[PDB]
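> sequence, then structure. It's an experimental one.
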Amino acid sequence: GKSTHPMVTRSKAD
Amino acid sequence: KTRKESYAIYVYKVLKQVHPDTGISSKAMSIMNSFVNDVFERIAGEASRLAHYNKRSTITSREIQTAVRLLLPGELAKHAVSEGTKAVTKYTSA
Amino acid sequence: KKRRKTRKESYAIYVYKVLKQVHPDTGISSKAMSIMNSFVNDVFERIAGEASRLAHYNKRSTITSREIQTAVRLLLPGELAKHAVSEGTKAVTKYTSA
Amino acid sequence: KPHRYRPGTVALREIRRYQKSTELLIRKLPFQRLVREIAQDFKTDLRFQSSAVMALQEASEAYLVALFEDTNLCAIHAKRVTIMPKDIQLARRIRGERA
Amino acid sequence: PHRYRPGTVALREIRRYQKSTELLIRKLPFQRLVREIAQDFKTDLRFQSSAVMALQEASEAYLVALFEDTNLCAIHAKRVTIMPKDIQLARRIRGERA
Amino acid sequence: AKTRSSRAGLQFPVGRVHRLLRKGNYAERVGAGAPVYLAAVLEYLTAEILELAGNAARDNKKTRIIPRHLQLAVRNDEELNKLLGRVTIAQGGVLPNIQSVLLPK
Amino acid sequence: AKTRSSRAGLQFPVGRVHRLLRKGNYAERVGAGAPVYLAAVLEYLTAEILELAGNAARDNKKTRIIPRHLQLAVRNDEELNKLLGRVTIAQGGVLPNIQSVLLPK
Amino acid sequence: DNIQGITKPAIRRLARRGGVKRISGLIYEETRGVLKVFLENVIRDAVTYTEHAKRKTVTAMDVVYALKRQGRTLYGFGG
Amino acid sequence: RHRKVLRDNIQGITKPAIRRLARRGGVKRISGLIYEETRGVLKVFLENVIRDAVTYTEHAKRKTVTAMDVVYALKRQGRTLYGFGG
DNA sequence: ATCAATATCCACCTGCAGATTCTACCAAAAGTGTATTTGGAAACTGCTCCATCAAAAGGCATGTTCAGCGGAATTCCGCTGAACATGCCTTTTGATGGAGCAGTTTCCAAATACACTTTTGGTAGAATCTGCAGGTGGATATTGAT
DNA sequence: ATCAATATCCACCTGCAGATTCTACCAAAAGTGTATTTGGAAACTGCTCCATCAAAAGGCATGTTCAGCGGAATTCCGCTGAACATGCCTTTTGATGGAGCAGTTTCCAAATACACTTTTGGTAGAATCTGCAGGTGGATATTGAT
Ligand SMILES: [Mg+2]
Ligand SMILES: [Mg+2]
Ligand SMILES: [Mg+2]
Ligand SMILES: [Mg+2]
């Protein structure tokens, strides 16, 4: 289930 | 009788966006509430100190930002300042 | 066109009064006085802050001498607190009698 | 024929075991007796919310568990594998609880 | 020739520096280090003279207190010689290292 | 009618954060942007913890986040560990950790 | 005309302490007795340290208290020591203390 | 004797969660003393919060506030 | 107006100076590896305090680090200092 | 033990940086009045907490045996302290330029106060759903004896 | 290495506490709007304190030599602490009434906020006083060799 939260978490930025 | 306020419905909303198939026990939710109240006080207290140190009587988003920079470690501070600025920007355009 | 330098107020004259009461032939260097000044400001913040928290925790919008007292009981170790509450209550009573 | 694990084996098994779980490890009622006893000296005829006693236990055990870790680091620092009172005392001293 | 035994001058120095309060790092080298470190965070910074002195008072106070703790760790290991692992254990237990 | 949270793109209550800032006696006035900013920060950090905890839950083949998963999430992240270095999560337990010198030969 | 300190029997300024409680945003309102009480406590603690510092000065045949004397006063009193357990007095140095195992035989 | 209700097996388990493998017999008595000091400090403050609120019941919040000022913040019982 | 280049200044924290600090801390015998470890620990200390102090400087829109900036930063780190303005 | 080399203690002298006393100005504290608000006293209610009992459950206290570990004794090589020669760079002092801090006036965007309407979050209470703890079975990894 | 005792792992099952969905009520909270008020940015500028420099001298850093004594390796024996079986008692659980006390509503006097003037104490800067830092000299306390 992919994050549909619009905020860039640290894991997202990698 | 009197309403006991909580961040719980907001914590739940965020949970469904980041892990839409994951739930959270009430004990875990209580801990999340303690967490949000805690960080709230810490940042707000730090911003409070900031404004007093500078003889200002208003807490602006700038006080919050410096507060964040002081409290949050490395990368967390970076993304928090980023999201904080995003929200304020988005808010003003409306 | 001259300008007035903003006064930096201090607890210094009050400390000196108290110094003269306990050791009437003793003086104090300016570095020692600065440290005393730091001390008084520090304990001020610590007590008032603890009292601030107290009132908020109890949904009161007023800091009364009762919040100061509980705060002192929370901050100061054993004996210091005992005598502090004494001086505090002594003073408040005296002030009211006027 | 009897079968006996060597000293340390069950100890390691227990470490793995309690490091995996989260349940409180002191019996509830003795702890509750201790809390009320200690409080009695501060104010008499006190009642305690059920959660207040639980909070005190969560905090006390979390505190003691961390202290045993530091205590363990002090024992090993002295090239021992056995924790001793001077190990607790050193940890508490450096933390600033004892001095 | 006349020679004090190993440890004798060390104990005299302990008594000596425990008796006084002056800073023990040289003033100018410490100021250079502060400016070097500060420069890497942000360029074109100036320092009030007292700001640097405050940083020195704080740093030496910090380091002296750490050596006390470091000393206890060495002695705990039945040594009288302080070592890096002594500093490391101390900072770990203080919660600086983890 | 349109909430401030929606104006900023947030799930967290901007209006409530604003009201809590006024009541907390942090200063005489509160700028209109401060609660927007703070609510965003609070939401971001909530998302950060929920993400790592969800992963923690998933690793344990659980679909419900319990306090153990929050503990594992925080203690395994150097930066969250720090932020909460003086915080105790009830019913969280500790990270599995045996000093190597204590291990068998 | 009669100052609030004299009404309370205090050397420390009640009026100033009152004003500082207002500017510091500790609560909406501040009771008339709070600055009286807090000014008394601040004065008590001041007398307490100065008493002990004065002695330290006397022990060193000095009549002027310096920061070394404040340090000695505080670190030798178990309760002020605790009260100031996280405070650094500039130019204070430390207490003479050599671990006994380091002494000669 | 209520401090002794903190039994040797119980103390041993806490130590096991702390990663401890071998335990000197003198540890248990030292531990109880340490626990008693811990509870005294926390509870004194909590009850101080209790009295200030003019209550006769120690609440979880009283404990949580007491822990926070002691620098041992707890999550899960109010915040 | 040629500002010079600062580098390697941590070595300005000399072995004799480190030895003196250890003496005030009551230390009698010192391993040769201590001096480098000490410089490392000191550097981390100064990085953390100066960063917070400069953060106070920037927020105040100043180009000069004041004693108060250092004092507030120390207070945040839980190392309150007396004698410079608090 | 005695004796020499060296550090340490204490008394005295004195020039001066630093402290204290002296004087004038103003910002802040005290006085007086009207307006506003809070918290407590009082009555009440529902909740949560204490006491009790009983029952099933299970953890703990105890005593024994032995392995493994802590501490003591011994040995020794390399490190780290004491002492010294050398010279450098820090400290001290006094000058100057000017960057930037800090005080003042003006002015408006932003904040607050007030009134009024819409929405939402928290509660409760009923009904319903469901993740997973606890248990079973059966395969194998671990540990320790021989 | 073989072999047995025991711990541990995995797939599957299911009863249920705890979670979730459904609905209604409402007080309170958030939004919207007009009216009003003030803080803090901007421009301006006076002034403090910071960066830098020059010059001279010695306090202190550096690098070396040389040997004492400390740390760490090794050995080993006594003893402490782990494992474990035995059997018994404390704790846990779940129910029940009992009720103490926390939480809610209303009420109203006292206390505080707010505003205008008068008054006075605290500050800064100038002049005046003095504690002690730094040096010298001489008696004595300490250390280490023999
Ligand atoms: Mg007494
Ligand atoms: Mg650089
Ligand atoms: Mg005392
Ligand atoms: Mg050289």
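Happy to help now that I have it. Numbering: from 1, shown residues only, chains lettered A, B, ... in the order given. Ligands and ions are numbered 1, 2, ... in the order given.

> point me to the residue of chain B nearest ligand 2.
Proximity of chain B to ligand 2 (Cβ to the ion) peaks at residue B:74, 19.6 Å away. No exception for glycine: its C-beta is placed from N, CA and C like everyone else's.

> so who does that residue touch?
residue F:79 (Cβ atoms under 8 Å, 6 or more residues apart in numbering or on different chains).

> grab the most central residue of chain B for me.
Against the mean C-alpha coordinate of chain B, by Cα atoms, centre = their mean, the closest residue is residue B:40 at 5.6 Å.

> identify the residue spatially nearest to that one, adjacent ones excluded.
residue F:42 (6.3 Å; Cβ to Cβ, 6 or more residues apart in numbering or on different chains).

> re the thing from before, quick check: which element contains the residue nearest to the centre of chain B?
For residue B:40, the host element (DSSP states H and E) is helix B:26-53.

> now the angle from that helix to helix C:30-57?
Orientation of helix B:26-53 against helix C:30-57 (axes from the mean of the first three to the mean of the last three Cα atoms, to 10 degrees) gives an angle of 140 degrees.

> in chain H, spot the helix with the most residues.
The single longest helix within chain H, with elements called by DSSP state H, is helix H:27-52.

> please identify the helix or strand for the residue nearest to the spatial centre of chain D.
Nearest to the mean C-alpha position of chain D, by Cα atoms, centre = their mean, lies residue D:64 at 3.6 Å. Using DSSP H and E, residue D:64 sits within helix D:50-77.

> state the distance from the residue nearest to the centre of chain D to residue E:97.
Using Cβ to Cβ, to the nearest Å, residue D:64 is found at 21 Å from residue E:97.

> phi, psi for the residue in chain F that chain C sits nearest to please.
Chain C sits closest to residue F:25 of chain F, with a gap of 6.7 Å, by Cβ to the nearest Cβ. Torsion angles at residue F:25 (phi, psi; degrees, to the nearest 10) stand at phi 50, psi 60.

> any idea how many residues pack against it?
When counting by other Cβ atoms under 10 Å in any protein chain shown, one arrives at 19 neighbours for residue F:25.

> next one: residue B:45
Residues near residue B:45, counting by other Cβ under 10 Å: 15.

> so it makes contact with residue F:21?
No. Residue B:45 is not in contact with residue F:21 according to Cβ atoms under 8 Å; the separation is 11.1 Å.

> contacts only, for the residue nearest the centre of chain F.
Taking Cα atoms, centre = their mean, the centroid of chain F lies closest to residue F:46, which sits 3.9 Å from it. By Cβ under 8 Å, 6+ apart, residue F:46 lies in contact with B:7, B:10-11, B:14, B:32, B:35-36, F:12.

> between helix B:26-53 and the helix or strand it falls within, find me the angle.
Mapping residue F:46 onto the secondary structure by DSSP H and E places it in helix F:34-59. On the basis of the same axes, to 10 degrees, helix F:34-59 is oriented at 150 degrees to helix B:26-53.

> after helix F:34-59, which helix or strand is next?
Following helix F:34-59 toward the C-terminus (DSSP H and E): strand F:64-65.

> packing partners of that following strand?
strand B:23-24, helix F:34-59 (3 or more Cβ pairs under 8 Å, 6 or more residues apart in numbering or on different chains; DSSP states H and E).

> direction included, what does it pair against?
strand B:23-24 (parallel) (DSSP bridges).

> list of residues touching the strand it pairs with?
Strand B:23-24 has contacts (Cβ under 8 Å, 6+ apart) with B:11-12, B:15, B:32, F:63-65.

> and with 10 Å instead?
Contact with strand B:23-24 is made by B:8, B:11-12, B:15-16, B:29, B:31-32, F:50, F:53-54, F:57, F:62-67, F:69-70, as judged by Cβ atoms under 10 Å, 6 or more residues apart in numbering or on different chains.

> buried ones among the residues you listed?
B:11, B:15-16, B:29, B:31-32, F:50, F:53-54, F:57, F:62, F:65-67, F:69-70 (16 or more other Cβ atoms under 10 Å in any protein chain shown).

> list the contacts of the residue nearest to residue B:8 when sequence neighbours are not counted.
For residue B:8, ignoring the flanking residues on the chain, the nearest one in space by Cβ to Cβ, 6+ apart is residue B:29 at 5.3 Å. Counting by Cβ under 10 Å, 6+ apart, residue B:29 makes contact with B:6-9, B:11-12, B:15, B:23, F:65, F:67, H:76.
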